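Listed below, chain by chain, are the residues.
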2 protein chains.
Amino acid sequence: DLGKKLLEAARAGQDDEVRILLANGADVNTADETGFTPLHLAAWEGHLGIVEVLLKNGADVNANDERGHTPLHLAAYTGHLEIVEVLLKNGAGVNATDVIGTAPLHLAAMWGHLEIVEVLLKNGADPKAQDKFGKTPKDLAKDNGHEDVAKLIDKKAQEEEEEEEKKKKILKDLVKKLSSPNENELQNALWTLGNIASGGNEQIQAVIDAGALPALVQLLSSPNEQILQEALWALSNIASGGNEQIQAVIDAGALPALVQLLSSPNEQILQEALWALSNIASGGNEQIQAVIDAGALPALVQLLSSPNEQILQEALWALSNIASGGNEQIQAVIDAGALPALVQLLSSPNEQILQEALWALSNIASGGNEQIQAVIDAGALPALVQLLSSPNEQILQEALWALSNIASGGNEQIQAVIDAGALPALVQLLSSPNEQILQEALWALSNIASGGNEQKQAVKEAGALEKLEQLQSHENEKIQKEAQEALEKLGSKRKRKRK
Amino acid sequence: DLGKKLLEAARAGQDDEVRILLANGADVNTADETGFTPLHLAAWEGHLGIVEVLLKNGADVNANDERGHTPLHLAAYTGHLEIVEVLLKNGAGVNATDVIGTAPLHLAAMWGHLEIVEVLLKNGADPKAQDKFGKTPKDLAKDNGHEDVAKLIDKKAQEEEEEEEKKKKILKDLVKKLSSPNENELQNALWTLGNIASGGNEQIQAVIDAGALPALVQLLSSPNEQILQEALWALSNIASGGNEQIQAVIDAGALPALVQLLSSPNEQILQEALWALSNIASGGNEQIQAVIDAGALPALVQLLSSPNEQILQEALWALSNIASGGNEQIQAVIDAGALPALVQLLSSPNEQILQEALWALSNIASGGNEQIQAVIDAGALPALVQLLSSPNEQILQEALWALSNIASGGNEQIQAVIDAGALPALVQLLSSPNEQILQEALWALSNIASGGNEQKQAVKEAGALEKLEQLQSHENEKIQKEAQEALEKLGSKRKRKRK
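Shown numbers run from 1 along every chain as its sequence is written, which may differ from how the entry numbers residues; residues without coordinates are omitted from display. Chains carry letters and ligands carry numbers; both start at the beginning, A for chains and 1 for ligands, and go up in the order they are written. Heavy atoms from the whole structure form the basis of all side-chain values; hydrogens and water molecules are not counted.

Where the PDB entry is consulted, chain A appears under the name DARPin-Armadillo fusion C8long83, with the organism given as synthetic construct. Per the PDB record, the entry is named "DARPin-Armadillo fusion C8long83".

The structure is reproduced here in structure tokens:
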């Protein structure tokens, strides 16, 4: 019985024996009759080392016993500050509750564990969580006479409120500086606001709520190229966030100025405008259709003939983000004449613009049979098939994306792919060392098998059956499943955005 | 020690003491120093009753001693025919061998136990099993002068082939009578042969090998309508068999005579000829193409407008069987103008003819998008949609078959199906008590979801999502999985014979 041995060893403190039993096959999450794991016991007794060891071997940090107790509950009661620290660092439920609504914070407050109270609050313990008796950690600290803990909680709350108020004050001051007649003052506030907005979506909403969006849009018309670049940077950053925040940027009226700047003669201003547009287009179909209605596609397609490879790369980035989502948007991109430039860029020696044109074409081919047939008519398939032999694994994955999306179409498009000689290289890749490339090639073949009898027969003639059958012994069961589905098909979309 | 007592009782013959000691806790398979169980001893001494008792109490019938001898070895040695029979009936190893490769058959033959040799050979004893000296049971029978046993072994080897030859003689006599100048002899032979052919595929091959096919094809030109009808019956029966046997019937040159008899004024001859043709066309694409090349389709299509409903049914049956298999054959059926007549017969008052026309249209729609579009242009979809609300469950399953096959086509055909108003009625049927009808309608909805985004939108607007999610809890797990697959899709031909 390795489970009982592991439970007892963890409870006693035999680190070496715990390691041995786990190495020998002892279930690291073995529980006794009440749901207490060796991790519960280690946290309870105070065996920090065994806690770490068990967590390293796959112990569930939030395992609930029959009463709903977690190892963190136990650590918070006992007063093992270090174990509380480790468990919280390993993902312990700081606000996890038992059957009577007692959370580790309640325990720490009942017994006056000041250190653990502070740690739990710092790791996200809700100070106001009530238990089955309507008692908060502060309530229990007061009822048990722990003035220290109650004042500590009050102090944490006061510091939190003070920091919130100071942060709001500074952000409002920055939004005010944005309208300054002093150049350096406003330029500094611009840069710092951009920095805040680049910390993630949470910071972005702070800036937006302070009211920086309209001020930034106003600066977009400035004649000071330094100021203008700084404003564009801040806008692109805040548009890197959620789709609601992108829509806020759009409502502020940024798109007209941006599409205007697309015709800018200053390469840095133009790069910043393209960045902003692309981050905007990473949103939903509504934001993308807004970008289209602003008249951006003509200028982007025009910029596809740019000699500056960074501007070209960014224009391809934007076109891809717009070609994501709906078929009306993809058709808009097609109507603007982007496909010729994209197929041309498929033969570019620059691998980055190559991957970008591939990403754009894969997105365009994710649409309907109309858009896929337009990709085919533009002559994309020769180059895509040629790219199947690439040793560059990411470019190969890109070409496979595009080919499986083209093969998601009707029998006519699947026949266009087969006539392009894609099957030998696909069956070959089917035995590739890289599992993601194998999966992509298998998806492609599977969407090919979904055609008529002509296409299924062609796949058979290309020698796919043997390798598909061999894949049944693949260690990865997902590949087994997809290959079996393909076999049954013979014997009878996916879009990507980047910010 | 109850085990030793049981051994002693079994060897002595104390039946009552054997049973008693077994009741007192004696192990029925107690082995002594040599590996001999009470069953070994009972078989060796000749205590049939004790053998039965021990085997009924769980005695291992194939227990081996230190030399590999089983109780069957011992019984075959001693000559206890009855004990050998009982042991074999309880699963004794007829080909079990000892350490020197001696099997019970070796023993029975060495000692001239004729009865036991017969029993062992009938139970699968290897006549060619050798022992460590290179001696077969027949070899030992000869070396010890048991000529009787050698003749018995030769007879076991011969008898099966001898009976095969007797059957061949009888079949040759019948095939010869097939060329008799007297009517009655020929009629008797015909009927007896037909019955043989209706006994199953082995009998069919026996008849074919006897050379009956050419005589039957010759008789198809007879002026005695009784003889002709019996010949057609016999050919139909043998064409109910395997596809190689159907191809034998075809090679013998039967199809032209059948196609001629199709214009016969004898309705019973015509019914038998159509039955034979449908059985032939039930085979593979080679047989169906043979039937097509014989020029049968014009007469079948013509018979679709027949007043005799039995003849109409059989013509639809043949056309359906042709419409199975390959798309070349389905196209042949389309070119013969069968789709108009089938679309007409969809409004037939005869429910059987309605199921038959549905089955035909379904097989036609299982092919490629060309054939499905031809079905659509014939105006089938209004009639199929109307039939979706039919209170007849089998006709409904057939209509759903046809619709799920038509919806297997391209996005254009799925849109034609949607335009015919099938979606409300399909969603409605999705709430049917009948699990098979539910599953068929579910297949239909799923093939609609397998189209483009427009079709998925149409399905969503029809209120499919609610019932589809409800179906995730359906008792039938296959239906649960099919409904889940349909949900994921939205958020991104049979043959018949007669004897």
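We are not done yet, so read on.
Engineer: So what's going on with the overall build of chain A? Residues and values would help.
Structural biologist: Along chain A, the regular secondary structure elements total 32 helices and zero strands. For the radius of gyration, the atom set is restricted to C-alpha positions; the globular benchmark scales as 2.2 Å times the number of residues to the power 0.38. Expected size for 499 residues packed as a compact globule is a radius of gyration near 23 Å; at 30 Å, chain A overshoots this value by more than 25%. For the C-alpha atoms alone, the extent of chain A along its principal axes is close to 80 × 75 × 35 Å. The Shrake-Rupley method, run with a 1.4 Å probe sphere, supplies the accessible areas, and residue values consider only the shown protein chains as cover. Element-wise, carbon and sulfur atoms account for 47% of the exposed surface of chain A, whose accessible area totals about 22,600 Å². Note that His is not counted, nor are the chain ends; the positive residues are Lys and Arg, and the negative ones are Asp and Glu. A single reference atom marks each charge: NZ on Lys, CZ on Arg, CG on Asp, CD on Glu. On chain A, the mean spot of the 36 positive side-chain charges and the mean spot of the 68 negative ones are 6 Å from each other. Secondary structure is summarised from DSSP: a helix means a run of H or I of at least four residues, a strand means a run of E of at least two, and numbering begins at the N terminus for each.

Engineer: How would you sum up a nonpolar patch on the surface? Please name residues and give values.
Structural biologist: All names here are of chain A. A patch is a set of surface residues, each over 30% in relative accessible area and not in a salt bridge, joined within 9 Å for like charges and within 5 Å for the nonpolar side chains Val, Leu, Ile, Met, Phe, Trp and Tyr. Note on definitions: salt bridges are taken to be side-chain nitrogens of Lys or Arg within 4 Å of carboxyl oxygens of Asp or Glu. A surface patch of nonpolar side chains, about 330 Å² in accessible area, is lined by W44, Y77 and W111. In this fold, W111 is placed in the loop between helix 7 (104–110) and helix 8 (114–122). Only protein chains enter the accessibility calculation, which uses a 1.4 Å probe; a residue is then buried when its area is under 20% of its type maximum, exposed when over 50%, and partly exposed in between. A relative accessible area of 45% places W111 in the partly exposed class.

Engineer: Which residues make up the interface of chain A and chain B, and what values go with them?
Structural biologist: Tallying the contact residues gives five residues for chain A and five residues for chain B. Inspection of the region where chain A meets chain B yields zero salt bridges. Between N or O atoms, a polar contact is any pair within 3.5 Å; within protein, one atom must be a potential hydrogen donor and the other a potential acceptor, and residues adjacent in sequence are included only when both atoms are from side chains. Taken together, the links from chain A to chain B amount to zero residue pairs in polar contact. Basically, the charged four are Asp, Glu, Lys and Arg, the nonpolar ten are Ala, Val, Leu, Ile, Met, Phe, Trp, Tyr, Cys and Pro, and anything else, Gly included, counts as polar. A per-class count over the side of chain A that touches chain B returns no nonpolar, four polar and one charged. Working rule for contacts: check all heavy atoms of both residues, and any pair within 4.5 Å makes them a contact.

Engineer: Can you tell me about the packing of helix 11 (residues 183–197) of chain A against helix 14 (residues 225–239) of chain A, naming the residues and giving the values?
Structural biologist: Residues and elements named next belong to chain A. Helix axes use the C-alpha atoms of the stretch in contact, all axes being lines fitted to C-alpha atoms, and the angles between their N-to-C directions lie in the range 0 to 180 degrees. Interaxial distance between helix 11 and helix 14 falls to 8 Å at its minimum, and their mutual angle equals 20 degrees. Judged by the inter-axis angle, helix 11 sits roughly parallel to helix 14. Along this stretch, helix 11 crosses helix 14, giving a crossing that reads as left-handed. From helix 11, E183, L186, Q187, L190, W191, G194, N195 and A197 reach across to helix 14, where they touch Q226, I227, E230, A231, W233, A234, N237 and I238. The scheme is simple: roughly parallel for angles under 35 degrees, roughly antiparallel for over 145, roughly perpendicular for 65 to 115, oblique for anything else. Helix crossings are classified by the rotation of the near helix relative to the far one: an anticlockwise turn of less than a right angle makes the crossing left-handed, while a clockwise turn makes it right-handed.

Engineer: Describe the packing of aromatic side chains, listing the residues and the values that go with them.
Structural biologist: All names here are of chain B. Pairs were defined over the aromatic rings of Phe, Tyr and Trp, the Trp ring being its six-membered one, requiring ring centres within 6.5 Å. Orientation was assigned from the angle between planes: stacked under 30 degrees, edge-to-face over 60, tilted for the rest. Taken as a whole, this structure holds nine aromatic pairs over all chains when the rule is applied. Aromatic pair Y77 and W111: ring centres 5.5 Å apart, planes at 70 degrees, arrangement edge-to-face. Placement of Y77 in helix 5 (residues 71–78) and of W111 in the loop between helix 7 (104–110) and helix 8 (114–122) is noted, with a sequence separation of 34 residues between them. Two thresholds decide whether a charge sits over a ring: the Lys NZ or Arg CZ must be within 6 Å of the ring centre and within 35 degrees of the ring normal. Lying across the ring of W317, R496 places its NZ or CZ 5.7 Å from the centre. The side chain of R498 reaches across the aromatic face of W317, ending 4.1 Å from its centre.

Engineer: So, the pattern of salt bridges: which residues are in play, and what are the values?
Structural biologist: Two side chains of opposite charge can pair, provided their charged atoms sit close to one another. Here the structure, examined in full by the defined rule, presents 31 salt bridges over all chains. With a shortest N-O distance of 3.4 Å, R19 of chain B and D16 of chain B are connected by a salt bridge. Taken together, the residues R19 of chain B and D16 of chain B, both in helix 2 (residues 15–23) and three residues apart, mark about one turn of the helix. Ionic contacts of the salt-bridge type, sharing partners, join the residues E356, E398, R496 and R498 of chain A into one network.

Engineer: Let's hear about helix 22 (residues 338–345) of chain A: which residues, and what values?
Structural biologist: Each turn of an α-helix holds 3.6 residues, which means side chains three or four residues apart point in the same direction. Residues and elements named next belong to chain A. Burial analysis of helix 22 places six of its eight residues in the buried class, the great majority of the element. Among the residues making up helix 22, those that are buried are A338, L339, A341, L342, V343 and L345. Lining the buried residues of helix 22 we find helix 19 (296–303), helix 20 (309–323), helix 21 (327–335), helix 23 (351–365) and helix 24 (369–377).

Engineer: Tell me about the packing of helix 1 (residues 2–12) of chain B against helix 2 of chain B, residues and numbers included.
Structural biologist: Residues and elements named next belong to chain B. Interaxial distance between helix 1 and helix 2 falls to 8 Å at its minimum, and their mutual angle equals 160 degrees. By the angle class used here, helix 1 and helix 2 are roughly antiparallel. Between helix 1 and helix 2 lies a crossing whose hand is left-handed. Between helix 1 and helix 2, the residues in contact are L2, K5, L6, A9 and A10 and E17, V18, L21 and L22, respectively.

Engineer: Please set out helix 3 (residues 38–45) of chain A residue by residue, giving values where relevant.
Structural biologist: Residue and element names in this part refer to chain A. For helix 3, the buried fraction is high: six of the eight residues fall into the buried class. Every buried residue of helix 3 is accounted for by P38, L39, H40, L41, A42 and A43. Next to the buried residues of helix 3 lie helix 1 (2–12), helix 4 (48–56), helix 5 (71–78) and helix 6 (81–89). Looking one or two places after helix 3, you find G46, whose phi comes out positive at around 105 degrees.

Engineer: Which residues make up the side chain of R494 of chain B, and what values go with them?
Structural biologist: Residues and elements named next belong to chain B. The residue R494 is located in the segment after helix 32 (477–490) in this model. At 2.7 Å, the side chain of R494 forms a polar contact with the side chain of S362. Setting aside residues up to four positions removed in sequence, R494 forms contacts with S324, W359, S362, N363, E398 and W401.

Engineer: Please set out the environment of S446 of chain A residue by residue, giving values where relevant.
Structural biologist: All names here are of chain A. Mapped onto the fold, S446 is located in helix 29 (residues 435–449). Accessibility expressed as a relative area gives 1% for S446, which makes it buried. In sequence terms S446 and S404 are 42 residues apart; their C-alpha atoms lie 8.5 Å from each other. With residues up to four places along the chain from it excluded, the contact list for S446 reads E482, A486 and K489.

Engineer: If you had to explain the environment of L300 of chain B to someone new, which residues and values would you point to?
Structural biologist: Residues and elements named next belong to chain B. With respect to the secondary-structure elements, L300 resides in helix 19 (residues 296–303). The exposure class assigned to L300 is buried, which follows from its relative accessible area of 1%. Taking C-alpha positions, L300 is 8.3 Å from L262, a pair spaced 38 residues apart along the chain. Not counting the four nearest positions on each side in its chain, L300 is found in contact with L274, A315, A318, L319 and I322.

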